[PDB]
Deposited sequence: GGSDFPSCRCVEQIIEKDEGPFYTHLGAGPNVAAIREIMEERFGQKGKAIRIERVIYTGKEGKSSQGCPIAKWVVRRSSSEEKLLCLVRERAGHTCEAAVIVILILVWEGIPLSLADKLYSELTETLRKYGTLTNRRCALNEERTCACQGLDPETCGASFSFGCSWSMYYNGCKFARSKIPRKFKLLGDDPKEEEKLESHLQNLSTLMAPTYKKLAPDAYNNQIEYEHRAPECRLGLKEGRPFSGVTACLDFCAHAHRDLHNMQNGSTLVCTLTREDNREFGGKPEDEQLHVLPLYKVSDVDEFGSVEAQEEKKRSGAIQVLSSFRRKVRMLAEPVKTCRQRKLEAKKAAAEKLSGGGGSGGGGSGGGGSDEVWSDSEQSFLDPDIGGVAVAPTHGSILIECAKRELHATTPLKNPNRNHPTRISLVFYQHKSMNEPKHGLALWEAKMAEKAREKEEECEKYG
């Protein structure tokens, strides 16, 4: 749509686009309803060189941290190299520091932990391990190791639609065994949160939100939420889960992912130093040498203030499995280094530090992203809980696509009698 594209980064506008960074501020000021220092914009440069440890596990090289209590909205923008059009600068990440009420976040942290640690059924995903399938970033204790728990509806290759095509009364929030009371409590928590987060999605990313509500009245059984405007279809809970570098390839194109962060009780004040902390990382990006307004000194001031933490290399002892985890059916200590990624200035690794009750928005299908491993993961008392709300592709059929499935296999009855 311009006469100015390959490895400039993925191109999309449904989070926000404009001719320059100043135009982005006008948009974000109009969306959020405030002006000035409440909105913070950081320029990030796409390099395409993935930051990773010597074992291939997520690392951060720069940490964007909330500057002050006056900073309410954080926006990461990408200036597409060599573009002078009206989409030369696009938005790739939005972070509402004060996303949900803190009493709700305090309450959700303990309830989801206690429910999921006891009755939760673990969902094994590809990003749970590094590429050699031998890391131990989640921890090796099966009772305490970090884990992913997915709920709602999901896309299925066997139906090219919702996985509940053959499910009479599907259990969107299934827990171990058959405990309807406990599943109802978990359902109410995540349904209330989907309901609360929906208007925030619409306010700050209206174009992407509008794309996810297009077929709301055609396939309501594949949507979450209890009020009009239901952009989410599935939700995943991540308890001390180290998501290795990945894209969420099942998500619907031109959509986005909303992540609500809940943190351990030792990491709930602004001016505090927690014992451990999980970060959300964009491995293909470096930070700019300049701030939103084009000042080098403002960027250098943020680095010395801590608003942009410039990390250095590390060498830590980690565990590596003696046998890779099998696709579909002991250990030894090893040094994991990071010096190689820090010696190359163009190797990426821009992270944000999500706070208790914050809400993060990003197009997780297009942008490579990851979460750092915890020093001592423990899903019974996790450092970080992330609730990831998304809508998968081909989720626009009523009743989980039941009518299309039995119509497809009714065609087999016609082919059978031949």
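The deposited sequence has C-alpha coordinates everywhere except the stretches 1 to 6, 11 to 15, 341 to 368, 458 to 463.
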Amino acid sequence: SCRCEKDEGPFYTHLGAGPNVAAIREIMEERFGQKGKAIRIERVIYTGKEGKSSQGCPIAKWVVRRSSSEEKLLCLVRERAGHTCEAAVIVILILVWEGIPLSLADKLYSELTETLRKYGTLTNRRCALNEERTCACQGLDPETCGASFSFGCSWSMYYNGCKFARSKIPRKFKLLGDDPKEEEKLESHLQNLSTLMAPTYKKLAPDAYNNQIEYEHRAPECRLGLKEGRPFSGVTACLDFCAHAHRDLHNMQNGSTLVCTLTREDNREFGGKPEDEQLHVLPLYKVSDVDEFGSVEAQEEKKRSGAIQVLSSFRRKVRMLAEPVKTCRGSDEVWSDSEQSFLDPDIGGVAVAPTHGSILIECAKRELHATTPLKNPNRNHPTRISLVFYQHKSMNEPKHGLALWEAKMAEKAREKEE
From here on, numbers count along this sequence of modelled residues.
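Each form is matched to the other, and the largest set of C-alpha atoms that superpose within 1.5 Å is called the rigid core.
Once the rigid core is used to overlay the structures in 5 other deposited structures of this protein, the stretch among 344 to 352 and 270 to 278 whose CA atoms lie farther from this form is 270 to 278. Relative to one another, 43 to 51 and 357 to 365 have unequal mean CA B-factors, and 43 to 51 is the one with the higher figure. When the C-alpha B-factors of 148 to 156 and 133 to 141 are averaged, 133 to 141 comes out higher. In the PDB entry, the Cα temperature factor peaks, among 319, 202, 280, 247, at 319.
The PDB entry assigns the greatest CA B-factor among 243, 116, 193, 328 to 328. In this PDB entry, residue 15 carries a Cα temperature factor that places it within the lowest third of its chain's modelled residues. Ranked by C-alpha B-factor against the other modelled residues of its chain, residue 225 falls in the lowest third. Ranked within its chain, residue 380 lands in the middle third, by CA B factor from the PDB record.
For residue 305, the recorded CA B-factor ranks within the highest third of the chain. Only modelled residues enter the ranking. In this PDB entry, residue 80 carries a Cα temperature factor that places it within the highest third of its chain's modelled residues.
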